[PDB]
Amino acid sequence: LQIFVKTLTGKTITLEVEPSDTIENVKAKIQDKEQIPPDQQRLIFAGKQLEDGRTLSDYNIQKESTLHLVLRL
């Protein structure tokens, strides 16, 4: 399963994910590609900030969904 994350430079990266992946799991995938610690990451889907603990399927995030990475500090 693949989703897009718009990166700090406006660039797009694709992430390979699973439907039951947690938001913490997605932040760890972004840490591996962009080297931003998960605690400095805020992830947005359709204007709403995603929270650690919940899964992609919990937010109805599906193939080709786009998350927005913005930095906290």
# chains A, B, ... in the order shown; residues from 1 in each chain; ligands from 1
>>> residues_around(residues="residue 64 of chain A", least_positions_apart="4", cutoff="8 Å", atoms="only C-alpha atoms", output="list in words")
residues 2, 3 and 4 of chain A
>>> select_by_dssp(residues="chain A", states="alpha helix (DSSP H)", output="ChimeraX atom specification")
/A:23-34
>>> residues_around(residues="residue 48 of chain A", least_positions_apart="5", cutoff="12 Å", atoms="only C-alpha atoms", output="ChimeraX atom specification")
/A:42-43,59,61,67-69
>>> write_last_selection(atoms="N, CA, C and O atoms", output="mmCIF file, in the first residue's frame")
data_model
loop_
_atom_site.group_PDB
_atom_site.id
_atom_site.type_symbol
_atom_site.label_atom_id
_atom_site.label_comp_id
_atom_site.auth_asym_id
_atom_site.auth_seq_id
_atom_site.Cartn_x
_atom_site.Cartn_y
_atom_site.Cartn_z
ATOM 1 N N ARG A 42 4.864 16.752 12.769
ATOM 2 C CA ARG A 42 3.434 16.892 12.857
ATOM 3 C C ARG A 42 2.906 16.449 11.503
ATOM 4 O O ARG A 42 3.335 16.966 10.459
ATOM 5 N N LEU A 43 1.966 15.525 11.464
ATOM 6 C CA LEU A 43 1.426 14.994 10.222
ATOM 7 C C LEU A 43 -0.012 15.419 10.089
ATOM 8 O O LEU A 43 -0.801 15.258 11.029
ATOM 9 N N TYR A 59 -8.181 6.664 10.279
ATOM 10 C CA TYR A 59 -8.382 7.985 9.703
ATOM 11 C C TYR A 59 -8.930 7.849 8.287
ATOM 12 O O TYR A 59 -9.034 8.854 7.556
ATOM 13 N N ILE A 61 -7.305 6.628 5.842
ATOM 14 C CA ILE A 61 -6.214 6.928 4.959
ATOM 15 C C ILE A 61 -6.001 5.699 4.096
ATOM 16 O O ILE A 61 -5.754 4.618 4.622
ATOM 17 N N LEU A 67 -0.382 12.933 3.021
ATOM 18 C CA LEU A 67 -0.167 13.497 4.319
ATOM 19 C C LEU A 67 0.750 14.681 4.143
ATOM 20 O O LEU A 67 1.523 14.701 3.207
ATOM 21 N N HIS A 68 0.701 15.659 5.029
ATOM 22 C CA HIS A 68 1.551 16.837 4.983
ATOM 23 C C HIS A 68 2.443 16.844 6.184
ATOM 24 O O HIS A 68 1.964 16.851 7.318
ATOM 25 N N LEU A 69 3.751 16.857 5.981
ATOM 26 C CA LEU A 69 4.713 16.927 7.067
ATOM 27 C C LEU A 69 5.035 18.372 7.316
ATOM 28 O O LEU A 69 5.469 19.095 6.391
#
>>> closest_residue(among="A:12, A:65, A:25, A:20", to="residue 38 of chain A", atoms="only C-alpha atoms")
A:25
>>> atom_distance(atom1="atom CA of residue 29 of chain A", atom2="atom CA of residue 7 of chain A")
12.5 Å
>>> closest_residue(among="A:14, A:66, A:9, A:22", to="residue 47 of chain A", atoms="only C-alpha atoms")
A:66
>>> atom_distance(atom1="atom CA of residue 44 of chain A", atom2="atom CA of residue 70 of chain A")
7.9 Å
>>> residues_around(residues="residue 19 of chain A", least_positions_apart="2", cutoff="8 Å", atoms="only C-alpha atoms", output="VMD selection string")
chain A and resid 1 17 21 55 to 57 61 to 62
>>> closest_residue(among="A:24, A:52, A:39, A:34", to="residue 11 of chain A", atoms="only C-alpha atoms")
A:34
>>> closest_residue(among="A:71, A:63, A:36, A:50", to="residue 23 of chain A", atoms="only C-alpha atoms")
A:50
>>> residues_around(residues="residue 37 of chain A", least_positions_apart="5", cutoff="10 Å", atoms="only C-alpha atoms", output="list in words")
residues 27, 28, 30, 31, 32 and 71 of chain A
>>> decode(residues="segment 23-54 of chain A", atoms="N, CA, C and O atoms", output="PDB file, in the first residue's frame")
ATOM      1  N   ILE A  23       0.270   5.808  13.397  1.00  0.00           N
ATOM      2  CA  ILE A  23       0.853   7.081  13.033  1.00  0.00           C
ATOM      3  C   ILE A  23       2.293   7.083  13.511  1.00  0.00           C
ATOM      4  O   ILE A  23       3.146   7.597  12.810  1.00  0.00           O
ATOM      5  N   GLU A  24       2.629   6.498  14.668  1.00  0.00           N
ATOM      6  CA  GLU A  24       4.021   6.402  15.132  1.00  0.00           C
ATOM      7  C   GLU A  24       4.847   5.639  14.110  1.00  0.00           C
ATOM      8  O   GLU A  24       5.984   6.039  13.804  1.00  0.00           O
ATOM      9  N   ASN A  25       4.315   4.563  13.522  1.00  0.00           N
ATOM     10  CA  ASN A  25       5.004   3.799  12.478  1.00  0.00           C
ATOM     11  C   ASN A  25       5.248   4.670  11.265  1.00  0.00           C
ATOM     12  O   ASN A  25       6.310   4.595  10.663  1.00  0.00           O
ATOM     13  N   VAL A  26       4.305   5.506  10.850  1.00  0.00           N
ATOM     14  CA  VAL A  26       4.515   6.388   9.701  1.00  0.00           C
ATOM     15  C   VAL A  26       5.603   7.394  10.032  1.00  0.00           C
ATOM     16  O   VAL A  26       6.443   7.688   9.195  1.00  0.00           O
ATOM     17  N   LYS A  27       5.651   7.976  11.234  1.00  0.00           N
ATOM     18  CA  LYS A  27       6.709   8.919  11.592  1.00  0.00           C
ATOM     19  C   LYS A  27       8.067   8.229  11.539  1.00  0.00           C
ATOM     20  O   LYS A  27       9.064   8.808  11.118  1.00  0.00           O
ATOM     21  N   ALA A  28       8.179   6.979  11.937  1.00  0.00           N
ATOM     22  CA  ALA A  28       9.437   6.269  11.876  1.00  0.00           C
ATOM     23  C   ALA A  28       9.859   6.076  10.418  1.00  0.00           C
ATOM     24  O   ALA A  28      11.068   6.117  10.074  1.00  0.00           O
ATOM     25  N   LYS A  29       8.926   5.839   9.505  1.00  0.00           N
ATOM     26  CA  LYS A  29       9.284   5.719   8.077  1.00  0.00           C
ATOM     27  C   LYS A  29       9.815   7.048   7.544  1.00  0.00           C
ATOM     28  O   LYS A  29      10.779   7.088   6.744  1.00  0.00           O
ATOM     29  N   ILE A  30       9.210   8.169   7.930  1.00  0.00           N
ATOM     30  CA  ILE A  30       9.656   9.505   7.546  1.00  0.00           C
ATOM     31  C   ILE A  30      11.021   9.780   8.171  1.00  0.00           C
ATOM     32  O   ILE A  30      11.910  10.377   7.526  1.00  0.00           O
ATOM     33  N   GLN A  31      11.280   9.370   9.415  1.00  0.00           N
ATOM     34  CA  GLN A  31      12.594   9.525  10.024  1.00  0.00           C
ATOM     35  C   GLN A  31      13.625   8.810   9.172  1.00  0.00           C
ATOM     36  O   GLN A  31      14.709   9.350   8.937  1.00  0.00           O
ATOM     37  N   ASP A  32      13.353   7.608   8.666  1.00  0.00           N
ATOM     38  CA  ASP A  32      14.332   6.869   7.859  1.00  0.00           C
ATOM     39  C   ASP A  32      14.642   7.594   6.547  1.00  0.00           C
ATOM     40  O   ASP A  32      15.782   7.547   6.079  1.00  0.00           O
ATOM     41  N   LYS A  33      13.681   8.248   5.897  1.00  0.00           N
ATOM     42  CA  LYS A  33      13.909   8.946   4.617  1.00  0.00           C
ATOM     43  C   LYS A  33      14.394  10.363   4.817  1.00  0.00           C
ATOM     44  O   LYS A  33      15.296  10.801   4.106  1.00  0.00           O
ATOM     45  N   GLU A  34      13.842  11.142   5.743  1.00  0.00           N
ATOM     46  CA  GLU A  34      14.167  12.574   5.874  1.00  0.00           C
ATOM     47  C   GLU A  34      15.012  12.898   7.103  1.00  0.00           C
ATOM     48  O   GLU A  34      15.452  14.029   7.256  1.00  0.00           O
ATOM     49  N   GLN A  35      15.289  11.961   8.010  1.00  0.00           N
ATOM     50  CA  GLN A  35      16.130  12.168   9.190  1.00  0.00           C
ATOM     51  C   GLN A  35      15.557  13.196  10.152  1.00  0.00           C
ATOM     52  O   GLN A  35      16.306  13.858  10.872  1.00  0.00           O
ATOM     53  N   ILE A  36      14.241  13.362  10.215  1.00  0.00           N
ATOM     54  CA  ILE A  36      13.593  14.241  11.172  1.00  0.00           C
ATOM     55  C   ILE A  36      13.087  13.354  12.298  1.00  0.00           C
ATOM     56  O   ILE A  36      12.360  12.387  12.030  1.00  0.00           O
ATOM     57  N   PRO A  37      13.470  13.639  13.536  1.00  0.00           N
ATOM     58  CA  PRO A  37      13.012  12.816  14.640  1.00  0.00           C
ATOM     59  C   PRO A  37      11.480  12.828  14.736  1.00  0.00           C
ATOM     60  O   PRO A  37      10.854  13.870  14.475  1.00  0.00           O
ATOM     61  N   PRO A  38      10.869  11.706  15.097  1.00  0.00           N
ATOM     62  CA  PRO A  38       9.398  11.656  15.177  1.00  0.00           C
ATOM     63  C   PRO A  38       8.805  12.730  16.095  1.00  0.00           C
ATOM     64  O   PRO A  38       7.726  13.269  15.813  1.00  0.00           O
ATOM     65  N   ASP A  39       9.464  13.108  17.182  1.00  0.00           N
ATOM     66  CA  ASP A  39       8.946  14.138  18.074  1.00  0.00           C
ATOM     67  C   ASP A  39       8.963  15.518  17.412  1.00  0.00           C
ATOM     68  O   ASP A  39       8.290  16.425  17.895  1.00  0.00           O
ATOM     69  N   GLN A  40       9.688  15.743  16.312  1.00  0.00           N
ATOM     70  CA  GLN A  40       9.666  17.022  15.609  1.00  0.00           C
ATOM     71  C   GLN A  40       8.674  16.994  14.473  1.00  0.00           C
ATOM     72  O   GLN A  40       8.539  17.981  13.751  1.00  0.00           O
ATOM     73  N   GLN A  41       7.965  15.891  14.259  1.00  0.00           N
ATOM     74  CA  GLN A  41       7.036  15.745  13.143  1.00  0.00           C
ATOM     75  C   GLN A  41       5.618  16.003  13.568  1.00  0.00           C
ATOM     76  O   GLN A  41       5.181  15.532  14.612  1.00  0.00           O
ATOM     77  N   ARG A  42       4.864  16.752  12.769  1.00  0.00           N
ATOM     78  CA  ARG A  42       3.434  16.892  12.857  1.00  0.00           C
ATOM     79  C   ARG A  42       2.906  16.449  11.503  1.00  0.00           C
ATOM     80  O   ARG A  42       3.335  16.966  10.459  1.00  0.00           O
ATOM     81  N   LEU A  43       1.966  15.525  11.464  1.00  0.00           N
ATOM     82  CA  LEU A  43       1.426  14.994  10.222  1.00  0.00           C
ATOM     83  C   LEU A  43      -0.012  15.419  10.089  1.00  0.00           C
ATOM     84  O   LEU A  43      -0.801  15.258  11.029  1.00  0.00           O
ATOM     85  N   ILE A  44      -0.384  15.969   8.939  1.00  0.00           N
ATOM     86  CA  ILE A  44      -1.699  16.479   8.665  1.00  0.00           C
ATOM     87  C   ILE A  44      -2.355  15.680   7.553  1.00  0.00           C
ATOM     88  O   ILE A  44      -1.728  15.418   6.535  1.00  0.00           O
ATOM     89  N   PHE A  45      -3.611  15.272   7.703  1.00  0.00           N
ATOM     90  CA  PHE A  45      -4.395  14.656   6.642  1.00  0.00           C
ATOM     91  C   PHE A  45      -5.702  15.412   6.512  1.00  0.00           C
ATOM     92  O   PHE A  45      -6.504  15.418   7.439  1.00  0.00           O
ATOM     93  N   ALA A  46      -5.948  16.069   5.389  1.00  0.00           N
ATOM     94  CA  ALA A  46      -7.164  16.815   5.137  1.00  0.00           C
ATOM     95  C   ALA A  46      -7.364  17.824   6.272  1.00  0.00           C
ATOM     96  O   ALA A  46      -8.422  17.847   6.885  1.00  0.00           O
ATOM     97  N   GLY A  47      -6.366  18.636   6.622  1.00  0.00           N
ATOM     98  CA  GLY A  47      -6.482  19.672   7.661  1.00  0.00           C
ATOM     99  C   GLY A  47      -6.407  19.197   9.104  1.00  0.00           C
ATOM    100  O   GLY A  47      -6.267  20.027  10.026  1.00  0.00           O
ATOM    101  N   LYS A  48      -6.471  17.899   9.395  1.00  0.00           N
ATOM    102  CA  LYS A  48      -6.521  17.397  10.763  1.00  0.00           C
ATOM    103  C   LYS A  48      -5.174  16.825  11.153  1.00  0.00           C
ATOM    104  O   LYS A  48      -4.530  16.157  10.343  1.00  0.00           O
ATOM    105  N   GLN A  49      -4.699  17.067  12.373  1.00  0.00           N
ATOM    106  CA  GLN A  49      -3.416  16.563  12.845  1.00  0.00           C
ATOM    107  C   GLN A  49      -3.608  15.141  13.341  1.00  0.00           C
ATOM    108  O   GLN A  49      -4.497  14.873  14.157  1.00  0.00           O
ATOM    109  N   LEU A  50      -2.805  14.203  12.854  1.00  0.00           N
ATOM    110  CA  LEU A  50      -2.904  12.780  13.158  1.00  0.00           C
ATOM    111  C   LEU A  50      -2.212  12.530  14.500  1.00  0.00           C
ATOM    112  O   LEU A  50      -1.168  13.119  14.787  1.00  0.00           O
ATOM    113  N   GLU A  51      -2.728  11.650  15.345  1.00  0.00           N
ATOM    114  CA  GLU A  51      -2.179  11.440  16.657  1.00  0.00           C
ATOM    115  C   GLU A  51      -1.557  10.061  16.825  1.00  0.00           C
ATOM    116  O   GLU A  51      -2.089   9.060  16.330  1.00  0.00           O
ATOM    117  N   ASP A  52      -0.423   9.983  17.510  1.00  0.00           N
ATOM    118  CA  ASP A  52       0.224   8.743  17.892  1.00  0.00           C
ATOM    119  C   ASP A  52      -0.794   7.870  18.602  1.00  0.00           C
ATOM    120  O   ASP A  52      -1.578   8.353  19.459  1.00  0.00           O
ATOM    121  N   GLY A  53      -0.857   6.596  18.260  1.00  0.00           N
ATOM    122  CA  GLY A  53      -1.720   5.630  18.885  1.00  0.00           C
ATOM    123  C   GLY A  53      -2.704   5.093  17.879  1.00  0.00           C
ATOM    124  O   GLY A  53      -3.039   3.904  17.915  1.00  0.00           O
ATOM    125  N   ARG A  54      -3.185   5.921  16.944  1.00  0.00           N
ATOM    126  CA  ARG A  54      -4.254   5.587  16.037  1.00  0.00           C
ATOM    127  C   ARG A  54      -3.632   5.004  14.787  1.00  0.00           C
ATOM    128  O   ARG A  54      -2.423   5.138  14.603  1.00  0.00           O
TER     129      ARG A  54
END
